[PDB]
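Comments concern the structure below.
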Amino acid sequence: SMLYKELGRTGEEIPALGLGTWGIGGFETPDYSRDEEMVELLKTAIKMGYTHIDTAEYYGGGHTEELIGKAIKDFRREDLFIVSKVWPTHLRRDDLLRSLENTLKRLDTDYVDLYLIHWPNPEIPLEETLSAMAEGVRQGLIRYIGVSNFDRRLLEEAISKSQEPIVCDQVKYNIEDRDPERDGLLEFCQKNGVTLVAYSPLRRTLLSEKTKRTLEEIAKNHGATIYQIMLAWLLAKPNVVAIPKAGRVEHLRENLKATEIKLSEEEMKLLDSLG
Ligand SMILES: COc1ccc2c(C(=S)N(C)CC(=O)O)cccc2c1C(F)(F)F
């Protein structure tokens, strides 16, 4: 069963595992060769409880949003939490609103639940970008806004330049990548009502031997895989939600089961000490 957590200070709970859609319908460019199969995979995921869907305008060169737009027609729009993002070349006002409009056209929906700046662009003033996002909110095209790949100092700057609340910061965070801890970003989010959304929450390969050995012992004690332990570790943290890459039905089932794991206080301290 899906774990839910409050988003920001919105009073709204969202699935604490998002459905990562990078690669569905292509990566950087559109891939049409598996459209029927991919729509079926998206519907299967949503039916399992993955109603929080993470995508972006540049996923599959726009085709990922198109495939999501077909899959979601089997469901009530208000039951889904759809996240999209704008590429850093589109952060000027007119370009952002065009990116938003085209995202809504490809999704064939009237609004996105959450819209994020994918990556900061120092050349474009944050106040302009955030003011354009607020126009989208005022028009009913966006429910919530957030940022992605903003370190602590830039998140603070964004908060100071945003009319609307910044409800999240989506950053890379996993058992080996501790930049959000070392930056004080996780602590800032926990103390300021911002959800930290961990992408690449699983490190599937190239782990250190100390990490592998520690995860293997805890996984054994819980009858789980090391990937389930990596996810449970993130989900145990206040204000942390995770976006595993969907991939396939086996991953969707395994990751959903990771919400059933209750790590002990000893296990958490041991995992915390790996980075
Ligand atoms: C459009 O191009 C992208 C976009 C995003 C990425 C990402 C990221 S950060 N994501 C897929 C997650 C996201 O965009 O939210 C990781 C690696 C290569 C990428 C690439 C690229 F493959 F080119 F390098």
Side-chain angles (χ1 to χ4, degrees), residues 7 14-32 34 38 41-42 45 50 52-69 80-91 95-96 98-100 102-104 106-107 112-124 129 133 142 144-151 154-155 158 166-180 183 185 189 194-206 227 230-231 234 240-248 251-252 255:
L7 173 65
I14 57 161
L17 295 180
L19 187 67
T21 64
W22 177 241
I24 298 175
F27 290 86
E28 309 98 330
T29 55
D31 185 341
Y32 305 98
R34 298 188 183 108
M38 289 300 103
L41 172 69
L42 291 162
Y50 286 93
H52 164 187
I53 302 162
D54 183 270
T55 195
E57 61 171 345
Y58 47 88
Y59 278 25
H63 187 44
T64 304
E65 282 169 339
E66 291 176 331
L67 294 178
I68 293 162
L80 309 174
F81 190 89
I82 301 179
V83 183
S84 195
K85 320 186 184 98
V86 53
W87 186 253
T89 62
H90 300 143
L91 304 186
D95 293 321
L96 186 141
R98 185 188 68 241
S99 277
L100 171 63
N102 290 340
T103 279
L104 295 173
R106 287 187 300 265
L107 290 167
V112 288
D113 299 89
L114 173 62
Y115 204 50
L116 307 181
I117 298 171
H118 165 58
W119 201 277
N121 185 339
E123 193 261 324
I124 301 171
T129 305
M133 298 170 88
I142 302 166
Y144 304 113
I145 65 161
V147 299
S148 185
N149 299 298
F150 278 41
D151 67 9
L154 203 63
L155 175 59
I166 304 292
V167 304
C168 69
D169 190 2
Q170 179 174 315
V171 301
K172 194 175 181 88
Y173 186 31
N174 59 52
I175 195 71
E176 295 213 330
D177 184 348
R178 305 304 187 85
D179 289 354
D183 188 39
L185 173 64
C189 288
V194 176
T195 299
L196 189 148
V197 179
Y199 74 86
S200 297
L202 300 180
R203 203 182 150 89
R204 288 194 175 268
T205 59
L206 305 192
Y227 306 124
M230 289 174 197
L231 206 36
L234 286 167
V240 177
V241 167
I243 313 299
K245 206 49 47 199
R248 59 205 312 176
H251 293 0
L252 298 170
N255 293 343

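Position 1 is the first residue of the sequence, and the numbers go up from there. Each ligand, and each atom within it, is numbered from 1 in the order the structure gives.
- Counted within 6.0 Å of CZ on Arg204, heavy atoms from surrounding residues, nucleotides or ligands total more than 12; the atom is thus considered enclosed.
- Nearest to atom 9 (S) of ligand 1 among the protein's heavy atoms is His118 CE1, 3.7 Å.
- The protein does not reach atom 24 (F) of ligand 1 closely, with no heavy atom under 4.0 angstrom from it.
- Between the side chain of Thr64 and the backbone N or O of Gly25, no donor-acceptor pair lies under 3.5 Å.
- For ligand 1 and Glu28, the ligand atoms under 4.0 Å from any heavy atom of the residue are 2 (O), 21 (C), 22 (F), 23 (F).
- In terms of protein heavy atoms, atom 13 (C) of ligand 1 is closest to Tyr59 OH, 3.2 Å.
- Close approach of ligand 1 to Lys85 is summarised as follows: ligand atoms under 4.0 Å from at least one heavy atom of the residue are 15 (O).
- Few gaps surround CZ on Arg178; more than 12 heavy atoms of other groups in view lie less than 6.0 Å from it.
- Proximity of atom 17 (C) of ligand 1 to the protein is not indicated, since no non-hydrogen protein atom lies closer than 4.0 angstrom.
- With respect to atom 3 (C) of ligand 1, the closest heavy atom belonging to the protein is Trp22 CH2, 3.7 Å.
- For the atom pair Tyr199 OH and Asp54 CG, the distance stands at 11.0 Å (nearest 0.5 Å).
- Side chain of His118 to backbone of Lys85: no donor-acceptor contact under 3.5 angstrom is found.
- At the shortest separation from atom 14 (O) of ligand 1 among protein heavy atoms lies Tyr58 OH, 2.7 Å.
- Using a 4.5 Å cut-off on side-chain heavy atoms (C-beta onward), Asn102 and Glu65 make no contact.
- Put simply, atom 11 (C) of ligand 1 has protein non-hydrogen atoms near it, under 4.0 Å away.
- Note that OG of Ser148 is 6.5 Å distant from CG of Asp169, once rounded to the nearest 0.5 Å.
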